[PDB]
Amino acid sequence: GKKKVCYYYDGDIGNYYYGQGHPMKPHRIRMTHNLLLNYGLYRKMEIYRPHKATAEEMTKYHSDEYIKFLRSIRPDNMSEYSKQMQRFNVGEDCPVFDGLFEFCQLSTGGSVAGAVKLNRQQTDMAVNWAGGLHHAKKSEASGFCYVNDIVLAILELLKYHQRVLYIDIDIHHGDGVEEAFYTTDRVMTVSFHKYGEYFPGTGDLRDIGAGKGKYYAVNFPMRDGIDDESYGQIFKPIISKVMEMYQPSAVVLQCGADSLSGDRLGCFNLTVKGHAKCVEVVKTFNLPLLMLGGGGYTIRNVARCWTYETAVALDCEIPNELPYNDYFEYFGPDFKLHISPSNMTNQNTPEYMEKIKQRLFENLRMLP
Ligand SMILES: CCC(O)(O)CCCCC[C@H](NC(=O)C1CN(C)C1)c1[nH]c(-c2ccccc2)nc1C(N)=O
Ligand SMILES: [Ca+2]
Ligand SMILES: [Ca+2]
Ligand SMILES: [Zn+2]
């Protein structure tokens, strides 16, 4: 039935600024929080302020030199780190900004704290909209991500769970998470993403893992314009087959909202209901679940999406009419929660969707 939900948020998160022209806006996390507060969703959740994850907690995955660099670099001393900046991929996508390290500490803190709460059996679901930064690598920042809070949260879950399932519905391939666990069968990574002339360039349907991890990485490559009908047609069947074969004891779901229609960087056509149907599908399996954020660059739609997904986690129905809130004007001209899909062509034909699903089903038959 209805589950206990723990939500992680730090009121300072919205003040971190990647810089003029950068599409990543931490302010969208504050818009989400304010909208969900004005809908009354705080009365049903346990709200926690995450601790600032230590450099030591981060080195459970990342290299000591990379974390030392992140903790040392600032806009005022950047000139002395031009060598390490190239080495760790700090530049246009992953710039040096005021409070960069503290932003990583809060993003990571929420994910690891949520994983600890799930491990202690003190909650059914844990939510950290500031997390989900799936591109960060062991010793390299990538695609607006510096510390891989997801990998750290999964390593925490692995202390009490033999098998953990990771599902990623961001429009971009979950490469950092897939790479971290590519050679192990203790984590199965499943990513649905746009593939073809698109960042990060990985996630081919033929990338299925290696060594003991062979068949434990699943990639569903998609073309522009996928809609609710098409996404829904493959998501539940694939996740059901993965649950059946893999039998995970905990799940981590990255809810990147850049897969929504009208995203500034994305080219998909999902509505908030279509995106949230993924949360409903996963929630139905009644397993300990960590829900994380990720991409999302049309910030009014990211706030709508994550507010609705928090309501889904709580089994709470909320009206389409938006309540008054601190950012009300951002939701014009309609001031409604739900969004309409665009007229863009769906390049993912029904036959293509079925064919890719059948190839993934063949790989899933190879599990023990
Ligand atoms: C948080 C998780 C997430 O998956 O959502 C992150 C998405 C990251 C997208 C990064 C992308 N970067 C690239 O395409 C650059 C081109 N190569 C040098 C790499 C990129 N960078 C930028 C960018 C634009 C303006 C200023 C800075 C970066 N746009 C894009 C783009 N349209 O794909
Ligand atoms: Ca993905
Ligand atoms: Ca794996
Ligand atoms: Zn993305």
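The numbering of chain A matches Swiss-Prot: 8-375, in order.
According to its header, this structure was worked out by X-ray crystallography, 1.5 Å.
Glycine residues also receive a Cβ, built from the backbone N, Cα and C atoms like all the rest.
The candidate list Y153, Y222, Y223 contains one residue that Swiss-Prot assigns to the Ca(2+) 2 site with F188, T191, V194, namely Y223.
Swiss-Prot records SUMO2 cross-link for one of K75, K201, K362, namely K75. Among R230, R271, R311, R366, the residue that Swiss-Prot places alongside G28, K32 at the 1D-myo-inositol 1,4,5,6-tetrakisphosphate binding site is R271. Here the candidates are the recorded positions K75, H142, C262, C274. The one whose C-alpha lies nearest to that of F188 (Ca(2+) 2 binding site) is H142. Restricting the recorded positions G28, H142, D175, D177, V194, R271 to those with a CA within 10 Å of the CA of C262 (S-nitrosocysteine) leaves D175, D177, listed by sequence position. Distance noted between the C-alpha atoms of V194 (Ca(2+) 2 binding site) and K221 (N6-acetyllysine) is 11 Å.
Under a cutoff of 8 A between CB atoms, and with a sequence separation of 6+ in the same chain, the neighbours of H179 (Ca(2+) 1 binding site) are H141, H142, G150, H200, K201, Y205, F206, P207, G263, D265, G302.
Among the binding-site residues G28, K32, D175, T191, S198, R271, the ones whose Cα is located within 10 Å of the Cα of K221 (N6-acetyllysine) are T191.
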